file target_31.cif (mmCIF, C-alpha atoms (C1' of nucleotides) and all ligand atoms)
data_query
#
loop_
_atom_site.label_atom_id
_atom_site.label_comp_id
_atom_site.auth_asym_id
_atom_site.auth_seq_id
_atom_site.Cartn_x
_atom_site.Cartn_y
_atom_site.Cartn_z
CA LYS A 1 2.36 -18.64 -3.70
CA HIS A 2 2.42 -22.43 -3.45
CA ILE A 3 5.66 -23.17 -1.56
CA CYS A 4 7.04 -22.50 1.91
CA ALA A 5 9.58 -19.69 1.53
CA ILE A 6 11.67 -21.15 4.39
CA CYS A 7 12.02 -24.92 3.96
CA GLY A 8 10.41 -25.71 0.60
CA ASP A 9 7.44 -27.66 1.95
CA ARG A 10 3.86 -27.40 0.71
CA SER A 11 2.36 -24.11 1.86
CA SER A 12 -0.98 -23.89 3.67
CA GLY A 13 -1.40 -20.12 3.25
CA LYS A 14 0.11 -16.92 4.57
CA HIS A 15 1.18 -17.16 8.22
CA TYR A 16 2.66 -14.15 10.06
CA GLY A 17 3.16 -12.42 6.70
CA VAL A 18 4.87 -15.10 4.60
CA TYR A 19 3.75 -18.20 2.72
CA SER A 20 4.92 -21.12 4.86
CA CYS A 21 4.09 -24.66 5.95
CA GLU A 22 2.48 -26.01 9.11
CA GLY A 23 5.88 -27.04 10.48
CA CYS A 24 7.47 -23.60 10.18
CA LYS A 25 4.30 -21.94 11.39
CA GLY A 26 4.12 -23.66 14.73
CA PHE A 27 7.88 -23.29 15.19
CA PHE A 28 7.83 -19.48 15.14
CA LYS A 29 4.68 -19.48 17.27
CA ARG A 30 6.31 -21.76 19.85
CA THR A 31 9.44 -19.60 20.12
CA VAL A 32 8.07 -16.10 20.76
CA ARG A 33 5.32 -17.42 23.04
CA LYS A 34 8.08 -18.77 25.31
CA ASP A 35 10.91 -16.39 24.28
CA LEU A 36 13.51 -18.97 23.26
CA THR A 37 17.14 -18.15 22.46
CA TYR A 38 18.84 -20.51 20.00
CA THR A 39 22.53 -21.22 19.42
CA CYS A 40 23.96 -22.46 16.12
CA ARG A 41 26.66 -25.13 16.40
CA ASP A 42 27.92 -24.20 12.92
CA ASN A 43 28.67 -21.05 10.86
CA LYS A 44 25.16 -19.51 11.04
CA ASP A 45 24.17 -20.53 7.50
CA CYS A 46 22.88 -24.10 7.70
CA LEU A 47 20.68 -25.11 4.78
CA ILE A 48 16.95 -25.38 5.49
CA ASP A 49 14.95 -27.80 3.34
CA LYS A 50 12.06 -30.21 3.87
CA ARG A 51 14.36 -33.02 5.02
CA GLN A 52 16.77 -31.24 7.40
CA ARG A 53 14.77 -28.24 8.64
CA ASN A 54 15.04 -29.44 12.20
CA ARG A 55 18.83 -29.84 12.10
CA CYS A 56 19.68 -26.31 13.28
CA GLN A 57 16.98 -24.31 14.92
CA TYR A 58 18.90 -21.09 15.04
CA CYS A 59 19.26 -20.80 11.26
CA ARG A 60 15.68 -21.97 10.70
CA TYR A 61 14.53 -19.11 12.93
CA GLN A 62 16.79 -16.59 11.18
CA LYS A 63 15.57 -17.81 7.79
CA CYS A 64 11.98 -17.08 8.86
CA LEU A 65 12.85 -13.48 9.76
CA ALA A 66 14.92 -12.86 6.62
CA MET A 67 11.83 -13.94 4.65
CA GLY A 68 9.67 -11.36 6.44
CA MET A 69 7.86 -13.40 9.10
CA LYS A 70 6.68 -10.84 11.65
CA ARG A 71 7.21 -11.37 15.37
CA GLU A 72 4.42 -8.87 16.04
CA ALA A 73 1.67 -10.92 14.35
CA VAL A 74 2.12 -13.78 16.86
CA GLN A 75 -0.79 -13.24 19.25
CA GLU A 76 -0.59 -14.23 22.91
CA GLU A 77 -1.77 -17.53 24.37
CA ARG A 78 -5.45 -17.91 25.00
CA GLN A 79 -8.27 -19.10 27.27
CA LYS B 1 -11.30 13.49 12.60
CA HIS B 2 -10.29 10.32 10.74
CA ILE B 3 -8.07 8.39 13.21
CA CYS B 4 -9.21 5.50 15.40
CA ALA B 5 -8.74 6.63 19.00
CA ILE B 6 -8.05 3.06 20.18
CA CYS B 7 -5.41 1.75 17.76
CA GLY B 8 -4.59 4.75 15.54
CA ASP B 9 -6.01 3.13 12.40
CA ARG B 10 -8.14 4.99 9.87
CA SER B 11 -11.57 5.87 11.24
CA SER B 12 -14.85 5.49 9.33
CA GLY B 13 -16.85 7.73 11.69
CA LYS B 14 -18.45 7.26 15.08
CA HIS B 15 -19.01 3.67 16.22
CA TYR B 16 -20.73 3.43 19.61
CA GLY B 17 -19.74 7.01 20.39
CA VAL B 18 -16.00 7.17 19.73
CA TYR B 19 -14.20 7.51 16.40
CA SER B 20 -13.03 3.97 15.67
CA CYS B 21 -12.09 1.71 12.78
CA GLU B 22 -14.09 -1.28 11.55
CA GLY B 23 -11.77 -3.67 13.39
CA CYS B 24 -12.28 -2.15 16.83
CA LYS B 25 -15.99 -1.69 16.11
CA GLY B 26 -16.46 -5.37 15.30
CA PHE B 27 -14.40 -6.36 18.33
CA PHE B 28 -16.61 -4.36 20.70
CA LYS B 29 -19.81 -5.63 19.06
CA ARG B 30 -18.71 -9.20 19.79
CA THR B 31 -17.52 -8.58 23.33
CA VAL B 32 -20.86 -7.57 24.81
CA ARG B 33 -23.09 -9.76 22.61
CA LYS B 34 -21.39 -12.90 23.97
CA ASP B 35 -20.43 -11.37 27.36
CA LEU B 36 -16.80 -12.41 26.88
CA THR B 37 -14.53 -11.82 29.88
CA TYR B 38 -10.81 -11.47 29.14
CA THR B 39 -7.65 -12.18 31.12
CA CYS B 40 -4.21 -10.65 30.55
CA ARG B 41 -0.97 -12.62 30.51
CA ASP B 42 1.19 -9.53 31.23
CA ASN B 43 0.76 -6.52 33.55
CA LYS B 44 -2.40 -5.20 31.83
CA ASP B 45 -0.32 -2.51 30.09
CA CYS B 46 0.11 -3.80 26.53
CA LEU B 47 0.47 -1.20 23.78
CA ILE B 48 -2.58 -0.98 21.51
CA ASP B 49 -1.92 0.15 17.93
CA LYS B 50 -2.56 -1.01 14.37
CA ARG B 51 0.13 -3.70 14.49
CA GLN B 52 -0.69 -5.50 17.76
CA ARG B 53 -4.32 -4.75 18.51
CA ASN B 54 -4.84 -8.54 18.25
CA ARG B 55 -1.99 -9.18 20.72
CA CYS B 56 -3.90 -8.85 24.01
CA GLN B 57 -7.70 -8.87 23.97
CA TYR B 58 -7.85 -7.78 27.62
CA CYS B 59 -6.01 -4.49 27.10
CA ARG B 60 -7.86 -3.86 23.83
CA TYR B 61 -11.23 -4.16 25.57
CA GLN B 62 -9.98 -2.01 28.46
CA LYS B 63 -8.76 0.78 26.18
CA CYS B 64 -12.20 0.77 24.52
CA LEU B 65 -14.08 1.61 27.72
CA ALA B 66 -11.43 4.11 28.82
CA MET B 67 -11.75 5.96 25.49
CA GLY B 68 -15.49 6.45 26.11
CA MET B 69 -16.87 3.52 24.12
CA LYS B 70 -20.34 2.78 25.48
CA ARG B 71 -21.60 -0.73 26.24
CA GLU B 72 -25.24 0.32 25.86
CA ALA B 73 -24.78 1.51 22.24
CA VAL B 74 -24.82 -2.16 21.13
CA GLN B 75 -28.22 -3.47 20.09
CA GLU B 76 -29.35 -7.04 20.70
CA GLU B 77 -29.05 -9.76 18.07
"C1'" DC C 1 9.47 -32.85 24.67
"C1'" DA C 2 9.93 -30.17 20.81
"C1'" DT C 3 7.53 -31.70 16.46
"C1'" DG C 4 3.40 -30.93 12.91
"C1'" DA C 5 -0.96 -32.73 11.01
"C1'" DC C 6 -5.01 -32.09 11.66
"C1'" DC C 7 -8.95 -29.47 13.83
"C1'" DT C 8 -12.03 -24.72 15.07
"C1'" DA C 9 -12.56 -19.26 16.55
"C1'" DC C 10 -11.72 -14.60 15.48
"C1'" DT C 11 -10.77 -11.16 12.77
"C1'" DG C 12 -12.36 -6.89 9.52
"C1'" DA C 13 -13.19 -5.23 4.96
"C1'" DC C 14 -17.37 -4.68 2.57
"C1'" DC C 15 -22.19 -5.00 2.48
"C1'" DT C 16 -27.47 -2.75 3.77
"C1'" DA C 17 -31.75 -1.37 6.68
"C1'" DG C 18 -33.46 2.98 9.34
"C1'" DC D 1 -25.05 9.60 9.33
"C1'" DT D 2 -24.42 5.09 12.76
"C1'" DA D 3 -26.86 1.01 14.01
"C1'" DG D 4 -27.14 -3.75 11.88
"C1'" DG D 5 -25.24 -8.18 8.73
"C1'" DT D 6 -21.85 -11.78 6.26
"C1'" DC D 7 -17.57 -14.95 5.54
"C1'" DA D 8 -12.65 -15.76 3.14
"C1'" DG D 9 -8.38 -15.69 5.21
"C1'" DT D 10 -5.59 -15.78 8.95
"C1'" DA D 11 -5.42 -16.34 13.82
"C1'" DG D 12 -6.28 -19.60 17.65
"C1'" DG D 13 -6.14 -24.70 19.10
"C1'" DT D 14 -5.00 -30.07 20.60
"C1'" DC D 15 -2.28 -34.50 20.81
"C1'" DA D 16 -0.45 -38.64 19.04
"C1'" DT D 17 4.29 -39.70 17.24
"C1'" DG D 18 9.67 -39.88 17.16
ZN ZN E 101 8.48 -24.67 6.11
ZN ZN E 102 22.94 -23.09 11.99
ZN ZN E 103 -9.04 0.67 15.86
ZN ZN E 104 -1.88 -8.08 27.98
#
call {"tool": "encode", "arguments": {"input": "target_31.cif", "output": "structure tokens", "more": "lines below"}}
Ligand SMILES: [Zn+2]
Ligand SMILES: [Zn+2]
Ligand SMILES: [Zn+2]
Ligand SMILES: [Zn+2]
result
Amino acid sequence: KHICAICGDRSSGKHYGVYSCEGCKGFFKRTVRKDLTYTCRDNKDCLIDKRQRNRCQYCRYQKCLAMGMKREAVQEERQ
Amino acid sequence: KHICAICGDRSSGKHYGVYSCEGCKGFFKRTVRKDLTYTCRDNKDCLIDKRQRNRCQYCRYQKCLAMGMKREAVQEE
DNA sequence: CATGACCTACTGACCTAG
DNA sequence: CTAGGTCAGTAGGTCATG
């Protein structure tokens, strides 16, 4: 309840279902808002930690969904 | 006689006429009090249920009025 | 130009006067 | 009964930095 279940950074609370950090939060939010398809240049299992979370987006996105981060809870843009 | 007619959630009775949950009741109370006008980013046809009632505020406010929810049943501050 | 560290609004479950 | 009310927790920001 104190760590980001995706990259191991300090959590700021539950976001879209799972305890995560501000970096992983905005990442998911930025993807579904714009509907972004990601390709992994590796074997679809790149490690995701605090230091190399931005190495492979694809696996960082998949790691969010395997941890239960809901696409549905991402509201639409405002104003 | 216990289902919210707007989003299918559990209903606590009549709120401004129509059977609705506390979430949709509070949303309608705040939409007239502040006179908030909404715009939709899609084709004004978003699905309104328990899981994405917070997705589009435009379609959620539209489904309220279409379900019979009355604007005059809201008292002033 | 995709990041993320800062910042507010908006929920809705849980209260009480008529 | 259905009108009111709050406020912690999760949503929405924006914008300088690489
Ligand atoms: Zn993270
Ligand atoms: Zn990868
Ligand atoms: Zn409802
Ligand atoms: Zn919409």
call {"tool": "residues_near_ligand", "arguments": {"input": "target_31.cif", "ligand": "ligand ZN 104 (chain E)", "cutoff": "7 Å", "atoms": "all atoms listed in the file", "output": "MDAnalysis selection string"}}
result
chainID B and resid 40:46 56 58:59
call {"tool": "closest_residue", "arguments": {"input": "target_31.cif", "among": "B:69, B:74, B:21, B:4", "to": "chain C", "atoms": "all atoms listed in the file"}}
result
B:21
call {"tool": "atom_distance", "arguments": {"input": "target_31.cif", "atom1": "CA of residue 24 (chain B)", "atom2": "CA of residue 12 (chain A)"}}
result
27.8 Å
call {"tool": "residues_near_ligand", "arguments": {"input": "target_31.cif", "ligand": "ligand ZN 102 (chain E)", "cutoff": "8 Å", "atoms": "only C-alpha atoms (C1' of nucleotides) and all ligand atoms", "output": "list in words"}}
result
residues 39, 40, 41, 42, 43, 44, 45, 46, 47, 55, 56, 57, 58, 59 and 60 of chain A
call {"tool": "closest_residue", "arguments": {"input": "target_31.cif", "among": "A:4, A:13, A:30, A:19", "to": "chain C", "atoms": "only C-alpha atoms (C1' of nucleotides)"}}
result
A:30
call {"tool": "interface_residues", "arguments": {"input": "target_31.cif", "of": "chain D", "to": "chain B", "cutoff": "10 Å", "atoms": "all atoms listed in the file", "output": "ChimeraX atom specification"}}
result
/D:1-4,11
call {"tool": "interface_residues", "arguments": {"input": "target_31.cif", "of": "chain C", "to": "chain A", "cutoff": "10 Å", "atoms": "all atoms listed in the file", "output": "VMD selection string"}}
result
chain C and resid 2 to 6
call {"tool": "residues_near_ligand", "arguments": {"input": "target_31.cif", "ligand": "ligand ZN 103 (chain E)", "cutoff": "7 Å", "atoms": "all atoms listed in the file", "output": "list in words"}}
result
residues 4, 5, 6, 7, 8, 9, 20, 21, 22, 23, 24 and 50 of chain B
call {"tool": "interface_residues", "arguments": {"input": "target_31.cif", "of": "chain A", "to": "chain B", "cutoff": "7 Å", "atoms": "all atoms listed in the file", "output": "ChimeraX atom specification"}}
result
/A:72-73,75-76
call {"tool": "interface_residues", "arguments": {"input": "target_31.cif", "of": "chain A", "to": "chain D", "cutoff": "8 Å", "atoms": "all atoms listed in the file", "output": "JSON list (two decimals) with C-alpha atoms, in the frame of the given file"}}
result
[["chain", "number", "residue", "atom", "x", "y", "z"],
["A", 14, "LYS", "CA", 0.11, -16.92, 4.57],
["A", 15, "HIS", "CA", 1.18, -17.16, 8.22],
["A", 75, "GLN", "CA", -0.79, -13.24, 19.25],
["A", 78, "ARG", "CA", -5.45, -17.91, 25.00]]
call {"tool": "interface_residues", "arguments": {"input": "target_31.cif", "of": "chain C", "to": "chain B", "cutoff": "9 Å", "atoms": "only C-alpha atoms (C1' of nucleotides)", "output": "PyMOL selection string"}}
result
chain C and resi 11-13
call {"tool": "closest_residue", "arguments": {"input": "target_31.cif", "among": "A:79, A:32, A:3, A:62", "to": "residue 9 (chain C)", "atoms": "only C-alpha atoms (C1' of nucleotides)"}}
result
A:79
call {"tool": "atom_distance", "arguments": {"input": "target_31.cif", "atom1": "CA of residue 29 (chain B)", "atom2": "CA of residue 1 (chain B)"}}
result
21.9 Å
call {"tool": "residues_around", "arguments": {"input": "target_31.cif", "residues": "residue 71 (chain A)", "least_positions_apart": "4", "cutoff": "10 Å", "atoms": "all atoms listed in the file", "output": "ChimeraX atom specification"}}
result
/A:16-17,28-29,31-33,64-65,75
call {"tool": "atom_distance", "arguments": {"input": "target_31.cif", "atom1": "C1' of residue 10 (chain C)", "atom2": "CA of residue 36 (chain A)"}}
result
26.8 Å
call {"tool": "closest_residue", "arguments": {"input": "target_31.cif", "among": "A:35, A:10, A:2, A:77", "to": "ligand ZN 101 (chain E)", "atoms": "all atoms listed in the file"}}
result
A:10
